[PDB]
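Only one structure is covered here, and it is reproduced in the block below.
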Amino acid sequence: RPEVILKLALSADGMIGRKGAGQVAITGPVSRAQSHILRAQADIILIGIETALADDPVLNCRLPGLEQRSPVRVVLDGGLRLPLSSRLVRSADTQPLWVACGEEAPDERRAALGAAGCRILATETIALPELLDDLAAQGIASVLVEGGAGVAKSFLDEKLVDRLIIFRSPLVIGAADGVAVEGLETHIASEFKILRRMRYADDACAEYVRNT
Amino acid sequence: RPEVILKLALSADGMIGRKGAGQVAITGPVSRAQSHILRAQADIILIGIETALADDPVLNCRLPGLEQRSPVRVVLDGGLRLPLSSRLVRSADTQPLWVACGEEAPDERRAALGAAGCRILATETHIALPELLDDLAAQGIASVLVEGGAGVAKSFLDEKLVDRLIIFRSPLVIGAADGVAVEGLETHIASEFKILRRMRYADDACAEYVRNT
């Protein structure tokens with residue numbers, strides 16, 4: 001089973017996004033550099049389809065001299081809903097892109113993505129513990145999960161996270177329009193210990209490791 | 001009492017330097033980037049006078065967009081042996097340089113470094129690391145990055161002042177004839193630390209550890 005790092009981008013008041021939208025922007029320079037370093041140290045970067053649709057991300061490493069360390073990308077996409085116009089699918093020849101779906105997605109979206117250069121990854125029931133067993137059989141030693149609320153909650157609830165890194169924006173979103181990861185603080189309290197805390201308000205970061 | 005990260009660059013046979021020259025250079029791109037991000041995350045980067053003399057370092061952050069986050073540099077230098085020709089001293093306008101002293105060093109070298117732009121940091125001798133960190137916390141320092149040669153690396157580890165240990169490992173061998181090791185390093189890791197992450201790729205290898213408590 002690969003080492004699993006979950007990286008979360010939160011607002012100052014602990015929200016993982018605005019209702020109906022994508023991820024919280026992290027803008028401090030130390031946090032942005034560390035963010036790209038995590039990608040270079042990972043074998044795989046994993047996100048959910050909900051994040052892919054809302055943010056249209058690329059998930060490559062952009063530190064000068066480290067672009068060749070851009071990891072394999074995995075999208076958890078039960079319905080093979082990934083747009084062929086996405087930045088992800090359109091960079092599939094220049095960086096690996098694996099789309100995880102089970103024996104349920106229609107062959108026409110299965111065939112269109114494969115012809116565009118995506119590898120289609122077979123999964124059970126979506127079963128996170130033996131997706132990580134499957135990912136490990138294919139040579140992966142470390143997975144970086146860049147979650148929205150869905151992937152973050154599911155990985156934590158199933159207790160599959162080894163290290164947790166939380167970047168906190170200085171800006172407040174508000175409970176009226178914010179989405180939180182529910183159970184985040186109780187999981188940290190129950191299962192994690194703090195390792196380092198960066199206290200600059202424009203560049204705030206907290207790192208945790210799972211309890212011994 | 002601030003958080004202390006000890007960063008060691010070792011050869012394949014575990015030497016932190018060689019007796020006649022400079023330290024083990026890190027060459028992998030991920031390891032280089034991470035080394036400079038540790039500097040950016042630190043309030044203070046601390047080294048010993050022996051490393052300063054052997055390597056003539058600069059100790060700034062050379063990541064583009066982070067150079068303004070080069071930390072204050074601290075050199076443990078009981079005899080004020082740091083040359084005014086050092087790249088460190090000659091860099092004093094562009095990055096803070098504090099030279100740590102005993103209560104005893106002649107006032108003549110205090111003034112010369114002062115004129116070159118260095119702050120002189122008064123410390124307690126026997127040079128007391130626990131008291132230096134309390135003094136540093138008293139000045140608002142939240143985190144210290146120690147880039148030790150064998151001297152300070154052994155001293156911070158022996159007095160149990162290291163919370164996190166980061167070891168970059170070169171694939172090259174230095175040899176027992178000229179190699180200097182951190183004495184007691186492997187027993188300290190077995191006794192007080194757990195592995196946290198490891199990058200095994202041979203041209204960019206790293207292991208990180210955290211103290212058990």
Side-chain angles (χ1 to χ4, degrees), chain A residues 3 162-163 193-196 207-212, chain B residues 1-19 23-24 26 31 34-35 38-39 41-52 54-55 74-76 78 100 123-124 126-134 136-137 141-176 178-200 205-213:
Chain A
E3 204 217 359
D162 297 306
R163 322 194 308 104
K193 66 177 182 168
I194 187 134
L195 274 190
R196 62 170 280 273
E207 293 193 347
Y208 308 84
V209 59
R210 205 222 286 296
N211 282 328
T212 195
Chain B
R1 208 171 56 220
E3 84 147 317
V4 171
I5 304 190
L6 176 63
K7 178 193 141 330
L8 304 179
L10 306 180
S11 57
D13 50 341
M15 307 303 173
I16 197 166
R18 94 211 151 201
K19 285 156 171 211
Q23 271 165 180
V24 198
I26 314 153
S31 300
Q34 181 172 8
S35 159
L38 292 173
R39 290 186 170 181
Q41 295 163 343
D43 286 342
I44 286 200
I45 178 183
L46 186 160
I47 63 158
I49 180 64
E50 290 303 330
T51 292
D55 283 309
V74 176
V75 176
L76 295 202
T123 87
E124 272 151 46
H126 293 303
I127 170 164
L129 296 192
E131 286 61 36
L132 163 83
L133 300 177
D134 292 28
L136 286 184
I141 303 292
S143 67
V144 179
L145 171 58
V146 175
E147 303 186 7
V152 310
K154 185 177 164 58
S155 290
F156 276 85
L157 282 169
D158 285 348
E159 290 242 81
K160 317 291 223 69
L161 294 325
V162 179
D163 303 296
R164 190 164 178 165
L165 184 66
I166 299 175
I167 300 164
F168 296 103
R169 184 169 305 260
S170 166
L172 299 172
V173 161
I174 297 263
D178 279 336
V180 64
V182 172
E183 167 196 57
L185 176 63
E186 310 211 333
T187 41
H188 279 309
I189 300 171
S191 147
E192 310 144 54
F193 291 85
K194 302 288 152 262
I195 185 81
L196 161 84
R197 53 168 298 273
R198 187 190 296 111
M199 171 143 161
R200 309 193 188 267
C206 179
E208 301 194 54
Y209 309 76
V210 173
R211 185 155 53 183
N212 289 328
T213 69

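Chain identifiers are assigned alphabetically (A, B, ...) following the order of the sequence lines, protein sequences preceding nucleic acid strands; residue numbering begins at 1 within each chain. Below, all heavy atoms of this structure are taken into account, side chains as well, without hydrogens, waters or symmetry copies.
Scanning all heavy atoms of the two residues, the minimum distance from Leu8(B) to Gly148(B) falls at CD2-O, 4.1 Å. Nearest heavy-atom pair, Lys7(B) versus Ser35(B), reported as atom, atom and distance to 0.1 Å: CE-OG, 3.7 Å. What you find for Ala12(B) and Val173(B) is that their closest heavy atoms are CB-CG2, 4.2 Å. Of all non-hydrogen atoms in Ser11(B) and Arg169(B), the two that sit nearest each other are O-NH1, 3.1 Å. The heavy-atom pair separating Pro2(B) from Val144(B) by the smallest distance is CG-CG2, 4.0 Å. For the residue pair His188(B) and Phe193(B), the shortest heavy atom distance occurs at O-CD1, 3.5 Å.
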TODO: Just do the side chain to side chain contact (heavy atoms under 4.5 Å, CB included) check on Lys194(B) and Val209(A) with the steps written out, would you?
DONE: CA-CA 11 Å; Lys194(B) 302 288 152 262; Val209(A) 59; over 6 Å; no
- [ ] Kindly indicate, with the supporting measurements, whether the criterion salt bridge (charged side-chain N to carboxylate O under 4.0 Å, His left out) is fulfilled by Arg197(B) and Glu208(B).
- [x] CA-CA 5 Å; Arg197(B) 53 168 298 273; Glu208(B) 301 194 54; 2.6 Å; yes
Open item on the list: side chain to side chain contact (heavy atoms under 4.5 Å, CB included), that's the test. Do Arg1(B) and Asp134(B) meet it? Break it down for me.
Closed with: CA-CA 5 Å; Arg1(B) 208 171 56 220; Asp134(B) 292 28; 4.1 Å; yes
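In this model, a donor atom of one side chain and an acceptor atom of the other lie less than 3.5 Å apart for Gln23(B) and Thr51(B).
Every residue two or more places apart in sequence or in another chain that forms a side chain to side chain contact (heavy atoms under 4.5 Å, CB included) with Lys154(B) is listed here: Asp158(B), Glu183(B).
Within the 4.5 Å cutoff, the side chain of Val24(B) has no heavy atoms near those of the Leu10(B) side chain. With contacts defined as side-chain heavy-atom distances shorter than 4.5 Å, the pair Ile16(B)/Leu185(B) does not qualify. At a threshold of 4.5 Å between non-hydrogen side-chain atoms, the residues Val4(B) and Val146(B) count as touching. By the 4.5 Å heavy-atom criterion applied to side chains, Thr123(B) and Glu131(B) are not counted as neighbours. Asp55(B) has its side chain out of reach of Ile47(B): every pair of non-hydrogen atoms, C-beta onward, lies at least 4.5 Å apart. Between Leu76(B) and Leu129(B), the closest side-chain pair of non-hydrogen atoms falls below 4.5 Å. Using a 4.5 Å cut-off on side-chain heavy atoms (C-beta onward), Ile5(B) and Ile166(B) make contact. Side-chain contact between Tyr209(B) and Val162(B): absent, with no pair of heavy atoms (C-beta onward) separated by less than 4.5 Å.
The CG atom of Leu132(B) sits 6.5 Å away from atom CG of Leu46(B), with the distance rounded to the nearest 0.5 Å. Separating the CZ atom in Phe168(B) from the CD1 atom in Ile26(B) is a distance of 5.5 Å, to the nearest 0.5 Å. For the atom pair CG (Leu161(B)) and CG (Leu133(B)), the distance works out to 5.5 Å, reported to the nearest 0.5 Å. Atom CD1 of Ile45(B) is separated from atom CD of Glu147(B) by 3.5 Å, given to the nearest 0.5 angstrom.
A salt bridge between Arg198(B) and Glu3(A) is absent, with no side-chain N of the basic residue lying under 4.0 Å from a carboxylate O of the acidic one. Ion pairing between a basic and an acidic side chain is recognised when a charged N comes within 4.0 Å of a carboxylate O; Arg211(B) and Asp163(B) show such pairing.
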